[PDB]
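Computed from heavy atoms alone, side chains included, the values below leave out hydrogens, waters and symmetry copies. Counting convention: from 1, in listed order, for ligands and their atoms alike. Heads up: numbering here begins at 1 and tracks the sequence.
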Amino acid sequence: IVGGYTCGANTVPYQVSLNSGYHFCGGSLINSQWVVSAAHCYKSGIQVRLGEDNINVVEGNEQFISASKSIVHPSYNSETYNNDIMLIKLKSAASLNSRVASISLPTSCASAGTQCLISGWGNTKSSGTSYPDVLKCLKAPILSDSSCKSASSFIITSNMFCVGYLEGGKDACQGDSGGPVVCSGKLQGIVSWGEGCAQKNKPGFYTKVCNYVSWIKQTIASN
Ligand SMILES: N=C(N)NCCC[C@@H](NS(=O)(=O)Cc1ccccc1)C(=O)NCC(=O)NCc1ccc(C(=N)N)cc1
Ligand SMILES: [Ca+2]
């Protein structure tokens with residue numbers, strides 16, 4: 001997260017860190033047994049870390065739980081990031097409390113101008129590299145599709161939406177991949193892709209979760 005602020009320990013209780021020996025992606029806890037992340041975050045040997053603030057220190061509210069199963073979207077296409085969503089089932093149910101809590105799926109898509117919260121342990125520099133140990137947060141509006149249309153040479157599909165700033169300096173970034181964009185108490189986005197980070201007139205692109213609610217519920221129900 002570039003140009004954000006320190007969230008405060010456990011103020012984002014649905015935020016998870018995916019760990020394969022080190023943090024490599026964010027994700028969102030959607031019930032006591034399942035996490036939603038990005039398809040591009042797919043790897044073998046995922047440990048899900050809940051209740052995290054400082055990812056380098058055991059502070060006492062962490063729960064580490066191995067994934068039993070990962071399910072990349074059936075139609076995920078890595079060269080376009082189309083359908084960039086994956087579900088991860090936990091080997092055991094999380095113990096829910098005030099620091100480890102699920103986030104609701106949306107009932108409808110959110111409208112442009114709505115304020116959302118993006119969070120993660122990703123890069124904090126638009127040029128160069130600094131990875132934070134505590135969770136970072138960024139308040140960011142949904143932009144009109146029209147506002148972001150001309151921002152890339154790469155295809156932008158209807159399974160993607162635009163969130164962030166045209167003025168530059170405020171954005172999600174590498175290492176934020178898979179993490180939440182939450183708007184009015186609903187998981188509307190998944191950190192997916194963008195051209196660099198925090199560049200002028202180059203906002204980020206996020207998996208449009210409101211298109212996936214049927215697939216998510218059905219997949220959870222059958223697994
Ligand atoms: N098919 C498409 N759309 N290709 C373009 C996206 C590739 C890549 N962008 S990039 O940051 O690595 C560097 C880049 C690549 C091509 C052109 C300009 C700049 C990228 O984002 N790859 C995945 C990735 O790195 N995701 C992490 C991430 C998280 C947040 C942002 C953000 N600025 N909101 C960017 C990347
Ligand atoms: Ca910790």
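- Within a 6.0 Å sphere centred on NZ of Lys43, other residues, nucleotides and ligands contribute more than 12 heavy atoms.
- Annotation: disulfide bond (SG atoms under 2.5 Å apart) contacts involving residues 22-51, sequence neighbours excluded, comprise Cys25-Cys41.
- Contact annotation: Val57 places an N, O or S atom under 3.0 Å from the Ca ion (ligand 2).
- Closest heavy-atom contact between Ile142 and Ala110: CD1-CB, 3.4 Å.
- Under a cut-off of 6.0 angstrom, the local environment of OH in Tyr42 is sparse, with at most 12 non-hydrogen atoms contributed by other residues, nucleotides or ligands.
- Here the two rings, on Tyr131 and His23, have centers that are 6.0 Å apart or farther.
- Between the side chains of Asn77 and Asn82, no donor N or O sits under 3.5 Å from an acceptor N or O.
- Taking the Ca ion (ligand 2) as reference, the nearest N/O/S atom within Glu52 carries the name OE1.
- Within 4.0 Å of ligand 1, protein heavy atoms belong to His40, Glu79, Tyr81, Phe154, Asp171, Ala172, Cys173, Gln174, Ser177, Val191, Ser192, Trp193, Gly194, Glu195, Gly196, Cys197, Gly204, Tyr206, listed by chain and number.
- Between O of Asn54 and OE2 of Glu62, the angle at the Ca ion (ligand 2) works out to 150°, rounded to 10 degrees.
- Between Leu166 and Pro203 the shortest side-chain heavy-atom distance falls below 4.5 Å.
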